[PDB]
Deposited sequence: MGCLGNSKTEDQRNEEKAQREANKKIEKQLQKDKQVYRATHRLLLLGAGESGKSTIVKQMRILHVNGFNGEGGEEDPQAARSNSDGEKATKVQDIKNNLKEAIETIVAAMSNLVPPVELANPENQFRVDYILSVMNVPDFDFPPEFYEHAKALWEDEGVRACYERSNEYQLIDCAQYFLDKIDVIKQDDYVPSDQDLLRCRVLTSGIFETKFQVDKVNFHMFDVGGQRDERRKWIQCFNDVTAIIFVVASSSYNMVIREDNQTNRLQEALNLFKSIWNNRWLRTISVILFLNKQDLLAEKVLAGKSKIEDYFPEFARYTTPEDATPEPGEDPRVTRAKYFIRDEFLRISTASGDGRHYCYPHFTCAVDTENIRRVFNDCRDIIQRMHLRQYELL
């Protein structure tokens, strides 16, 4: 019995990343994706340095000397085919070392910056090697935008799945419909940590709010009134840090959070700060109100607190899904 799962969600929600786990989990080409990793590393650093001066208030380096390295990273910013000369990794690391550069990093929400930022930047020493071979984690972390639809076909216990990845961006959403007809279920992805950020499309719409109106649009769709949604609340890790860090309070982006009190059926993971528990379930219920409004029991919504980069968490949740697909006879 073959299925067709369509992953939907806004941009950088983590769709592409989940399909990766499916290959990691149920399916030497790396030599090609090394490039993409160095490009991330480059965009990451040049984005941070670029925001340094534009932010309000501006961010000044702790090293006046590093001002020359700043000029470098910029002079090469727009550069077509970068050779990644051995110097790059030096000035780059030097800047990542700079306290002001990081100061600016802790405000990366005030500008568009990829997620693998800190991850990759913390390993310039490794990526620069000519013998550098990406680990499985460096692929789950690599970031490439998706344009169009691509179908991954894997198998589990002699059961077929046909994974569908589409562009989370807006101009991409128009291609979604081409997969709407005859689909087992929908895997809706949400950037649970991106509550204090805005989308790349217009730099104003809250990434989370966008993910909400998008979910509302799918749930209340005239062609998905019976198709069940498996809500994947992703980036829990990035979320928890933000919650504990406490630099940007949630009830300042979503005021309704102030009046929110942690659930009853709440099953917090082993050793989990109540503050986090409270936060993550907030975000989940926010989505549940959308799915509770309509639907009329013709289709249901099964949330999950997932972490696409963790092949361990994805292996787990993908099973709680495979169960639903069988248990519900979908």
| query | finding |
| --- | --- |
| Deposited residues without C-alpha coordinates, grouped into stretches that follow sequence order | 1-38, 66-85, 389-394 |
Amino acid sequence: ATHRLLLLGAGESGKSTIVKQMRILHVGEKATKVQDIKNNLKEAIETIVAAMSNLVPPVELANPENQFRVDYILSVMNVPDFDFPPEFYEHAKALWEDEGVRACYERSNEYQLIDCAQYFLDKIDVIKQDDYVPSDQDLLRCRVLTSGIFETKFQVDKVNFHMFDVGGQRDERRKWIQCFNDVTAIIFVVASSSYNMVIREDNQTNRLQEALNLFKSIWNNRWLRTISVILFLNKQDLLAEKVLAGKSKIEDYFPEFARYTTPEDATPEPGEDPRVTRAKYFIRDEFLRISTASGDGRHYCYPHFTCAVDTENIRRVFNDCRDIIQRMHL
From here on, numbers count along this sequence of modelled residues.
item: Stretch exceeding the other in mean C-alpha B-factor - 173-181, 242-250; value: 242-250
item: Mean Cα B-factor comparison, 212-220 or 96-104, giving the higher one as deposited; value: 96-104
item: Candidate set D122, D138, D83, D202 [ranked by C-alpha B-factor, highest]; value: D83
item: Maximum C-alpha temperature factor, selected from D157, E110, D237, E87; value: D157
item: Third assignment of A31 from its chain's C-alpha B-factors; value: highest
item: Modelled-residue ranking by C-alpha temperature factor, third containing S75; value: middle
item: Entry-reported Cα temperature factor of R23, expressed as the chain third it lands in; value: middle
item: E12, C-alpha B-factor rank within chain (lowest, middle or highest third); value: lowest
item: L55 by Cα B-factor - lowest, middle or highest third of the modelled chain; value: highest
